[PDB]
Amino acid sequence: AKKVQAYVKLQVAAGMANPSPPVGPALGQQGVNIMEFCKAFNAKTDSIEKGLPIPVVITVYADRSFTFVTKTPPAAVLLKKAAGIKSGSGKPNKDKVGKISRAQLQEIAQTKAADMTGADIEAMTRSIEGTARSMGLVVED
Amino acid sequence: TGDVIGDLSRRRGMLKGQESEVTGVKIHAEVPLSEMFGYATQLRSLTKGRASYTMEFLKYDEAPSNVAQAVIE
Amino acid sequence: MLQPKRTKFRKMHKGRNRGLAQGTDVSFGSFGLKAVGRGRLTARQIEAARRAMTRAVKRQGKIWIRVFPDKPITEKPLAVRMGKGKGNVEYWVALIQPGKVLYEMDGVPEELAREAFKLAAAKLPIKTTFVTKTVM
Amino acid sequence: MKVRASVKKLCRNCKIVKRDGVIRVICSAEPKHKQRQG
Amino acid sequence: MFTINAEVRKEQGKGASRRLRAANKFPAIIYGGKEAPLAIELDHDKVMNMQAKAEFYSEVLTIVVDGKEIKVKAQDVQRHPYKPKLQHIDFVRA
RNA sequence: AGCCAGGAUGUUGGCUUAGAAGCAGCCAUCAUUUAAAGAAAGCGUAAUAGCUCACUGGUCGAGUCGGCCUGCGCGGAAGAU
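Chains as they are written, first to last, in the entry's author numbering: chain i, 1 to 141; chain 0, 628 to 700; chain m, 1 to 136; chain F, 1 to 38; chain v, 1 to 94.
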């Protein structure tokens, strides 16, 4: 657990453990030998299913040992499939699709809690219902 | 890496991903044949002669509007 | 450029340009460009001043022009001795008096309104100011 | 150096000082912004 | 709710008025009623600083003069042409 | 205004996801506390990281910031016995 020098904050796919187009820059930057890192990735990758994006934080120690505290679906990627569609934005105020409730998202906020513990269960849900607004989705309960 | 990719993107290149081995940072991309013209003369002008590349064919993909309108004689 | 369609006469006496002006209040929109100096404005400077500030907002809001060239200023051709008749009219001016409301516009925010008038004023040979519509 | 009869503060770091009676603008970041005589 | 400090001007005229406005004070007039009008002089700086408000033109203006304070309304403002100052105000005694 | 702690960023947020991670710009302009924090200007940059900027957590301890109306001066201003 060092600083931000080797700290990379991005990943996308669990099941695709191979360096994907966005994890490319991330991997190459800190010379990450992903192959043996995939075996350590697949201990927790198997716990979650494929179809919901996963990020990672990367920590490299001083003695060339490099480790990680990977994730489960956080804020944006879970609320998207909660609406049913992964995208459909570029026009927040100019589009209006779907209506989602917060009590159902209060359950998936607890799934984000063990993943990316974002402050104040409903106020993080409000932070992320704005990501729904940013994704052109209406939310009412 | 960044420089090569900036120049790949510049030559309409699709930077794709940034891989790495031990002493090198490998980046594979797709580049038009029309902007292949004298590439290694411009490659080692930016990499101090320490880089290399190998061109392979993929497909006759889409030529954009500025590139489609050019060669019409 | 602006020019009188079908006026009565071809030429007009020179005439002094004294006194003050009548257009003083910002009577149509909210932000106007009152003139502080006393000269005259030909049609080419009239066209150029609007052009610079029309594209300053690029379409935005209504823009009114409160001055129109009436005086048909003539010039004599070169290598021609004095006399021999009044010369032909070359350009049309509008005599500007102190306290005259020039270009006026509306529908734009204030800070860019002062900016657009600043781009226009440097094209003018008269020192102007940025004035705002008061009540009554 | 630009001998421009008008001088505008062209950036954030561009400072305007009066050296030898003459108004001069210098910049810490961009040496293209140096100018005088305004 | 604005209050105006003022006083009665004497020896009026063209040059007399021009002599006033080059001394940071300007004339006015108060009329309206079964009485005679009142050519009142009032400070230039003070009322120009407060004419920006809309309540300067939508209120029974409380001008006090020689102790006697009256409630008037603002009829017209004959202002300066290009300088931001003003030349004259008409106060109808409402 | 500086100096140290920092920058209180959920959000690798869509999108065009090749990346546009506040940092291409269209947009929502949501929200976390409601002691220091805009879903963001700027070079820098392939894109992050970035140093900052907005704002000072606290250190010191006094006055201060920018326009307005104007008096008098500077620059703008180079010619031939």
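Backbone N, C-alpha and C fix where the C-beta goes; we use that ideal spot for every residue, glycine too.
For the candidate residues the options, whose alpha-carbon lies nearest to that of residue i?
{"i": "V97 (chain i)", "options": "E107 (chain i), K80 (chain i), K112 (chain i)", "result": "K80 (chain i)"}
{"i": "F684 (chain 0)", "options": "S672 (chain 0), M663 (chain 0), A697 (chain 0), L673 (chain 0)", "result": "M663 (chain 0)"}
{"i": "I30 (chain v)", "options": "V47 (chain v), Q75 (chain v), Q12 (chain v), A22 (chain v)", "result": "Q75 (chain v)"}
{"i": "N33 (chain i)", "options": "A697 (chain 0), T650 (chain 0), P659 (chain 0)", "result": "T650 (chain 0)"}
{"i": "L124 (chain m)", "options": "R38 (chain m), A56 (chain m), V131 (chain m)", "result": "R38 (chain m)"}
{"i": "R18 (chain m)", "options": "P98 (chain m), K133 (chain m), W64 (chain m)", "result": "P98 (chain m)"}
{"i": "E11 (chain v)", "options": "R21 (chain v), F2 (chain v), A39 (chain v)", "result": "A39 (chain v)"}
{"i": "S636 (chain 0)", "options": "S672 (chain 0), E657 (chain 0), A667 (chain 0), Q669 (chain 0)", "result": "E657 (chain 0)"}
{"i": "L61 (chain v)", "options": "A36 (chain v), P27 (chain v), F91 (chain v), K14 (chain v)", "result": "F91 (chain v)"}
{"i": "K127 (chain m)", "options": "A94 (chain m), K100 (chain m), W64 (chain m)", "result": "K100 (chain m)"}
{"i": "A28 (chain v)", "options": "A52 (chain v), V47 (chain v), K68 (chain v)", "result": "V47 (chain v)"}
{"i": "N42 (chain i)", "options": "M124 (chain i), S65 (chain i), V69 (chain i)", "result": "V69 (chain i)"}
{"i": "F9 (chain m)", "options": "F130 (chain m), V89 (chain m), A56 (chain m)", "result": "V89 (chain m)"}
{"i": "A678 (chain 0)", "options": "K653 (chain 0), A690 (chain 0), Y687 (chain 0)", "result": "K653 (chain 0)"}
{"i": "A62 (chain i)", "options": "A1 (chain i), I121 (chain i), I48 (chain i)", "result": "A1 (chain i)"}
{"i": "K11 (chain m)", "options": "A116 (chain m), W92 (chain m), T129 (chain m), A120 (chain m)", "result": "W92 (chain m)"}
Mind pulling the chain i residues with CB within less than 7 Å of residue i?
{"i": "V631 (chain 0)", "result": "Those within 7 Å of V631 (chain 0) in chain i number zero; the least Cβ separation is about 12 Å."}
Considering just the uninterrupted stretch of the beta strand (DSSP E) at residue i, what are its terminal residues?
{"i": "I4 (chain v)", "result": "3–8"}
{"i": "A697 (chain 0)", "result": "Counting along the chain, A697 (chain 0) falls outside any beta strand (DSSP E), and DSSP gives it neither H nor E."}
{"i": "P25 (chain i)", "result": "Per DSSP, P25 (chain i) belongs to no beta strand (DSSP E); it is in the alpha helix (DSSP H), 23–29."}
{"i": "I58 (chain i)", "result": "57–60"}
{"i": "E69 (chain v)", "result": "68–79"}
{"i": "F28 (chain m)", "result": "Taken as a continuous stretch (DSSP letters only), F28 (chain m) belongs to no beta strand (DSSP E), as it is neither H nor E."}
{"i": "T67 (chain i)", "result": "66–68"}
With DSSP as the reference, please indicate the residues paired to residue i in a beta bridge.
{"i": "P27 (chain v)", "result": "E41 (chain v)"}
{"i": "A35 (chain m)", "result": "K100 (chain m), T128 (chain m)"}
{"i": "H655 (chain 0)", "result": "Answer by DSSP bridge pairing: none, since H655 (chain 0) is not bridged."}
{"i": "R24 (chain F)", "result": "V17 (chain F)"}
{"i": "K71 (chain m)", "result": "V93 (chain m)"}
{"i": "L61 (chain v)", "result": "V72 (chain v)"}
{"i": "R36 (chain F)", "result": "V3 (chain F)"}
{"i": "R40 (chain m)", "result": "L95 (chain m)"}
{"i": "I63 (chain m)", "result": "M105 (chain m)"}
{"i": "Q645 (chain 0)", "result": "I654 (chain 0)"}
Just curious, the alpha helix (DSSP H) that residue i is in, first and last residue?
{"i": "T134 (chain m)", "result": "Taken as a continuous stretch (DSSP letters only), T134 (chain m) belongs to no alpha helix (DSSP H), as it is neither H nor E."}
{"i": "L102 (chain m)", "result": "Careful: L102 (chain m) lies outside any alpha helix (DSSP H), inside the beta strand (DSSP E) at 100–105."}
{"i": "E115 (chain m)", "result": "110–121"}
{"i": "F41 (chain i)", "result": "34–45"}
{"i": "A667 (chain 0)", "result": "666–670"}
{"i": "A94 (chain m)", "result": "Careful: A94 (chain m) lies outside any alpha helix (DSSP H), inside the beta strand (DSSP E) at 89–95."}
{"i": "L79 (chain i)", "result": "75–83"}
{"i": "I48 (chain i)", "result": "Run containing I48 (chain i): none; DSSP gives neither H nor E here."}
{"i": "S17 (chain v)", "result": "14–21"}
In three-state terms, what does DSSP make of residue i?
{"i": "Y7 (chain i)", "result": "coil"}
{"i": "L137 (chain i)", "result": "strand"}
{"i": "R102 (chain i)", "result": "helix"}
{"i": "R10 (chain m)", "result": "coil"}
{"i": "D634 (chain 0)", "result": "helix"}
{"i": "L86 (chain v)", "result": "strand"}
{"i": "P77 (chain m)", "result": "coil"}
{"i": "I108 (chain i)", "result": "helix"}
{"i": "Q45 (chain m)", "result": "helix"}
{"i": "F91 (chain v)", "result": "strand"}
{"i": "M53 (chain m)", "result": "helix"}
{"i": "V97 (chain i)", "result": "strand"}
{"i": "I54 (chain i)", "result": "coil"}
{"i": "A132 (chain i)", "result": "helix"}
{"i": "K46 (chain v)", "result": "helix"}
Can you list the residues of chain i that residue i reaches, using a CB-CB cut of under 8 Å?
{"i": "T674 (chain 0)", "result": "What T674 (chain 0) touches in chain i: nothing, since even the nearest Cβ is about 16 Å away."}
{"i": "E646 (chain 0)", "result": "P19, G24, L27, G28"}
{"i": "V652 (chain 0)", "result": "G28"}
{"i": "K643 (chain 0)", "result": "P21, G24"}
Determine the chain 0 residues that contact residue i at a beta-carbon separation under 7 Å, and present them in chain order.
{"i": "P74 (chain i)", "result": "Going along chain 0, no residue has its Cβ under 7 Å from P74 (chain i), so there is no contact; the nearest lies around 23 Å."}
{"i": "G31 (chain i)", "result": "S647"}
Residue i versus chain m: which residues are under 7 Å apart at the beta carbon?
{"i": "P37 (chain v)", "result": "Near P37 (chain v) there are no residues of chain m at all, since even the closest Cβ is about 21 Å away, more than 7 Å."}
{"i": "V60 (chain v)", "result": "The premise fails here: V60 (chain v) is roughly 17 Å from chain m at the closest Cβ pair, so nothing lies under 7 Å."}
For residue i, which residues in chain m fall below 8 Å Cβ to Cβ?
{"i": "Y57 (chain v)", "result": "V135, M136"}
{"i": "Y31 (chain v)", "result": "The premise fails here: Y31 (chain v) is roughly 18 Å from chain m at the closest Cβ pair, so nothing lies under 8 Å."}
{"i": "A54 (chain v)", "result": "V135"}
Can you pull the chain 0 residues whose beta carbon is under 8 Å from the beta carbon of residue i, in chain order?
{"i": "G15 (chain i)", "result": "Within chain 0, no residue comes near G15 (chain i); the closest Cβ sits about 17 Å away, beyond 8 Å."}
What residues of chain v sit near residue i, judged by a beta carbon separation below 8 Å?
{"i": "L20 (chain m)", "result": "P81"}
Anything in chain v within Cβ reach of residue i, meaning under 7 Å, just list it in chain order.
{"i": "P98 (chain m)", "result": "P81, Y82"}
Quick one: list the residues of chain m neighbouring residue i, beta-carbon separation under 9 Å, in chain order.
{"i": "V77 (chain v)", "result": "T134, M136"}
What residues from chain v crowd round residue i, counting only those whose CB sits closer than 9 Å?
{"i": "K118 (chain m)", "result": "Going along chain v, no residue has its Cβ under 9 Å from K118 (chain m), so there is no contact; the nearest lies around 18 Å."}
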